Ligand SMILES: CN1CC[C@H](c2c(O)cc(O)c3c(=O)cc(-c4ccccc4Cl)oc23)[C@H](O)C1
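A lone chain, given as structure tokens: the form solved without this ligand.
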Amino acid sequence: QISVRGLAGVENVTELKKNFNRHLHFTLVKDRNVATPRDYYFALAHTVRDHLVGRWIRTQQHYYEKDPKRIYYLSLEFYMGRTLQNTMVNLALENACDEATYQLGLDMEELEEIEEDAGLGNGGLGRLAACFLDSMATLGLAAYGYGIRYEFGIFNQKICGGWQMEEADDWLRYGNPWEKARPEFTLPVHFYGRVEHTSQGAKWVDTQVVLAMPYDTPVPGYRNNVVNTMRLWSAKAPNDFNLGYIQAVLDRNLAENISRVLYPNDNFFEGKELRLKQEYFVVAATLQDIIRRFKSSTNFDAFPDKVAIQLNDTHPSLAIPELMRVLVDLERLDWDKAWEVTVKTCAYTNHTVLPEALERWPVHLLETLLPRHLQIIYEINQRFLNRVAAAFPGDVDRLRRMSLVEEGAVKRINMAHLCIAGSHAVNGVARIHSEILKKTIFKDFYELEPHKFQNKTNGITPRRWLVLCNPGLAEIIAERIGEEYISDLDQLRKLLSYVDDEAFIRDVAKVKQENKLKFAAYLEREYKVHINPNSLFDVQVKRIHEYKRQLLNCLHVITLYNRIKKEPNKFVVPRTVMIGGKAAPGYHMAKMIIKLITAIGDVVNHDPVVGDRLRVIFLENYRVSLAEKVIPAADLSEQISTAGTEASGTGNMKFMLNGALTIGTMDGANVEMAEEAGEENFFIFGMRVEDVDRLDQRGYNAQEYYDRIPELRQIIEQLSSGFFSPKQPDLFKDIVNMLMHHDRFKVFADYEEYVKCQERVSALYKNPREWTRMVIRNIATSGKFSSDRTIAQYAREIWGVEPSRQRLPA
């Protein structure tokens, strides 16, 4: 039906129908009389998978023959979401599959909804890794994603009595048709033991062994016939493990727990032994695989010419001492040569400056679990500090600040300092964040080695985040400027010539309206709730965290409610305020924020004086598949973190691409988005980084704001007195106490400017033509935020490889 979804040729459709029926019969062992919709989904997924495998084999064969430099992207998280539609988009099969299924009496959209998200990440960091894989394949890079195949991904969120409850995400229950187990490339990983010093070096002995079994998933590029690999490791006990008899078999679970569950924290370091085991597990298995592939092309001087290892935050930082262990202890390279190879091979991306997010492992843990790695870390530290002392003689405090070993009650290893010492490139993820790294937390390292420090502003894939989730928008764009923009997003600039075009204005608004109707209906069906689709859709979706300031949004919502109640017969622009996201299970304040949001909804949504002027909805179980539905429906994107706290953001970019305007602080990538679109086309408010710093020097006193702003005082009195919790009047006292006395994120300091800026949003929404013209100016300038741009910069400036848009033969 729509051009960007490709051709539905008679031959293709016939062949797809044949293969669908073949899989239903032979693969699934069903006939049409007892097949369920889930069987039909699987028969389609196997049909589409067959089209990948030829390209997958040929791509991997091509890399063996050409022997290009290989890029290894190491991450503890790959937030992939669903695969079926993305595969169809990238193979140009969507219209053919639609037609084929339609002729079989089936609705393909319904089958798509059956697939489970691969929820192997927490939020932005995990999703960035997924976008990056898509871009590396699209740009023809010989790239491999390496991670852990968690049995349970990010928990499913249920809301019960307004509180978050967690349920296990048993995503593999019905099988995963996309992966291929490769038990033949199973590798041993060692833990515990002790170090023996012999005549010819150190030996790590008496270890416990866990096997790492790989599962491979194909990663198709956009219409270029390249299919790369994501290799995820699963933990298995050896067969002699603990080998009365019955108990020894049941105790195999202790080893296999390593890959059981994703730690559900976003921007918070928990410090548990199981997490450290996960980190080493992924690193040790991956590095053996890398070395095997290198040897099957003595001479490790060429290793950095054939291998790049990108560390996604510090989570895989043990790659640095593990590489040194292998080169020194097993290959018998001298230390200095090994270190040169290591530094030239590794590069580190930092994703946060929040102190509670930084990994600082207790020395006693490393000593017990990884005794050889601790020795190597100490030697790295001594040699590194010797360089510092030579460059800054007498500066004893600098030595203490830069040490990999932190002194204190418990000695800890600072993993970020290890990553900087052992990498040839260190980057932040947006311009403001990379500057903050050089001025504050890594200032000392920047002064020693300025050449290491770079910026690589984040991006998102326009395949998933435009073509897949918003085909109506993709199509009206394609009608004007063709299809090349899908792999060259800078071509969206051509849309600025259609800012005064009456037909284009109408089409952009029509597509938004359709997306809003479709989402309003989705809400009714799956969650028994009614919304006005003519209201402004005001959306804040992201993990729940104090720094992201869902609480600031809550204060605005209550302000609007109180204004309506004060002057009920005055016109206000109707809004549907939607907030969604998961709280980490142990993060009490985040769980209280969720409860506050639902409690505000319980009052606002049932007040007959409000009517359909204001609705507050908590969107349950926010995840990649839900993002694909809500983002195309949004009018206003809330990006309201305290300046200096959101390293980049990527949700922000998804909203910009899909025709929402942004209300935001000058934080993370918001700064660059505003620069690209023009500040006049963005709703900027609040303290800049420098203003936050000035307040911190003086002392933040929240009481001053309470005393000066009557509207704010009223809200705090309502919270304290039980207005939003009549049966439990003190339910929110922890929230009030934090806001008044211990608010690290200065919610009150941005309240007045936020409310005023929100009034400007409402004023523009009253003039649909001008709202839509501003939207066009945003979409048109979103090209910089393609992850294709991001990856091309990594490739050229860090990895030393050239991207290619050349197609492999089919």
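Rigid core here is just the name for the largest C-alpha set that superposes within 1.5 Å across the two forms. The numbering used is simple: start at 1 and walk along the sequence shown.
- The stretch that strays farther, by root mean square C-alpha distance over structures and residues in 7 other deposited structures of this protein after a rigid core fit, is 5 to 13, when 5 to 13 is set against 18 to 26.
- In at least one third of the other compared structures of this protein with flanking residues present, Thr298 is left unmodelled.
- Unmodelled residues of the deposited sequence between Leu243 and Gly244: 4 to 9.
- According to the PDB entry, the deposited sequence runs on from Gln703 to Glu704 with no residue lacking coordinates between them.
- Stretch comparison (115 to 123 versus 499 to 507) by mean CA B-factor in the PDB entry places 499 to 507 on top.
- Higher mean CA temperature factor, per the PDB entry, when comparing 69 to 77 with 176 to 184: 176 to 184.
- Of the residues listed, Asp107, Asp444, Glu638, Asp313, the entry assigns the biggest Cα temperature factor to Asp107.
- Residues shown: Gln718, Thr642, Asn228, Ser625. Highest C-alpha temperature factor in the entry: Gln718.
- Among all modelled residues in this chain, the alpha-carbon of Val609 has a temperature factor (C-alpha) in the highest third.
- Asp743: CA B factor in the middle third of modelled residues in this chain (values from the PDB entry).
- Ranked against the other modelled residues of its chain, the C-alpha B-factor of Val761 as given in the entry falls in the middle third.
- Annotation for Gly408: CA B-factor lies in the highest third of the chain's modelled residues.
- Among the modelled residues of its chain, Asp50 has a C-alpha B-factor that falls in the middle third according to the deposited record.
The protein also exists as the form solved in complex with this ligand; that form is not presented, and the subsequent description refers to it.
- In summary, among the residues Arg615, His545, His373, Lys595, the only one with a non-hydrogen atom within 4.5 Å of this ligand in the deposited complex is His545.
- Only one of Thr642, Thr345, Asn267, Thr286 comes within 4.5 Å of this ligand in the deposited complex through a heavy atom, and that residue is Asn267.
- Partner contact region in the deposited complex: 259 to 267, out of 555 to 563, 531 to 539, 259 to 267, 478 to 486, criterion any non-hydrogen atom within 4.5 Å of this ligand.
- The putative spot formed by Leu323, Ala425 and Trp799 is not touched by this ligand in the deposited complex; no residue has a non-hydrogen atom within 4.5 angstroms of it.
- At the 4.5 Å threshold, heavy atoms of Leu354 reach this ligand in the deposited complex.
- Residue contact with this ligand in the deposited complex: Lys69 places no heavy atom within 4.5 Å of it.
- Though the partner is left out of this view, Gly586 does reach within 4.5 Å of this ligand in the deposited complex, counting heavy atoms only.
- Although the partner is absent here, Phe748 is not a contact residue: none of its heavy atoms lies within 4.5 angstroms of this ligand in the deposited complex.
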